[PDB]
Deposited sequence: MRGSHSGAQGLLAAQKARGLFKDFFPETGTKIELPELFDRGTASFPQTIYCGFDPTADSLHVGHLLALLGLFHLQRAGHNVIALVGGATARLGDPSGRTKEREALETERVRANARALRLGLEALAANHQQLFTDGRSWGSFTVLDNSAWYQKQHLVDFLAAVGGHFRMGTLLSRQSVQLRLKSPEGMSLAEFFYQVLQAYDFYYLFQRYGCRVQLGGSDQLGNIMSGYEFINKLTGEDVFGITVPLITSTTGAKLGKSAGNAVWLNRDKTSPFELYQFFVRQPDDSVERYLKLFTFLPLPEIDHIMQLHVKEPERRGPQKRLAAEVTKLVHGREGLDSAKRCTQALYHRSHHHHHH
């Protein structure tokens, strides 16, 4: 099964409670990083399986900032720096989706991939109208009882109004896309369980409609941007890896079928000195983020050493 393969690979951590699925990426920087990569893959796996996916840029929401999993209040971001980053991200996601569509074809009939931005619909949204329209459908108890929200709420200083209100936007986003694109599935890291929850409860209060969430593991400075992190630098992060991990990361960052992976490892023991599973993971990934060129301008770089 589709979900089977992904839960099995270790990509689809959990789920609650032709389709359309989405995941958001807050443009709090101009570059995506290796962690973002994992959520994005989740989309790529659903896309290959034939589904339509939407990778959303948080032009609006990054002005505020996600409180989720954070113990400290963020440095409010200049409304313009966030506008820039949002345009960098869009570019970055169309870029990735680009490599993925040529360098990893499988003859399967694929689904669409679309980059949206929530600023598009927030720029037409006036405070009291929003509040008047929806505010009456968010029970305060509900919002107050997210586990995502305790680190900041229960903090010594407390949580700004903004931080708290953040979840409400994300909840609304899910509602919006669901309305306009019939999208009934949201996906993100585990840190996003709370927010997604708000979404499906909210949608459920309004329409008896059942939508869904899916999470993926969180992995534990590494940029998808050639400018920030060279294709070579990036290769090194995946090559300098412990053997106990290269197992999971293969199942994590690559499309190699599980059997192909299996062999790679069983083979690795007959040749531990080879760093073979790393030389594979590193290749697969750098191919996806930086294209064939990037792989080459990294293969080459190390080799001479």
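- Missing from the model, by position in the deposited sequence, are residues 1-9, 27-45, 249-261, 347-356.
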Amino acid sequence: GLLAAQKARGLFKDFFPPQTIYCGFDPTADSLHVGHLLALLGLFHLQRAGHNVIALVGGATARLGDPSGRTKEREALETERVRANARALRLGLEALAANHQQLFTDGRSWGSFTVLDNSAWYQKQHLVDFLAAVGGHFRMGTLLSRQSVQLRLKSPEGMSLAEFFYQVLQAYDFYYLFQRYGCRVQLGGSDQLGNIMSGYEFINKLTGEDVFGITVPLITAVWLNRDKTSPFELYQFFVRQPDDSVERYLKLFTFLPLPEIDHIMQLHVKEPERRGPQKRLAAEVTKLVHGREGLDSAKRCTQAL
From here on, numbers count along this sequence of modelled residues.
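- Per the PDB record, of the two stretches 272-280 and 249-257, 272-280 carries the greater mean B-factor over its C-alpha atoms.
- Annotation for 38-46 versus 261-269: the higher mean temperature factor (C-alpha) is found in 261-269.
- Note on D227, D173, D117, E94: the highest value goes to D227, judged by CA B factor as recorded.
- Per the PDB record, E209 has a higher Cα B-factor than any other of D129, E209, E163, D191.
- Ranked against the other modelled residues of its chain, the C-alpha B-factor of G58 as given in the entry falls in the lowest third.
- Split the chain's modelled residues into thirds by C-alpha temperature factor. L151 is in the highest one.
- Compared with the other modelled residues of the chain, the Cα B-factor recorded for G107 ranks in the highest third.
- In the deposited entry, the Cα temperature factor of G65 sits in the bottom third of values across the chain's modelled residues.
- Among the modelled residues of its chain, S145 has a C-alpha B-factor that falls in the highest third, as given in the PDB entry.
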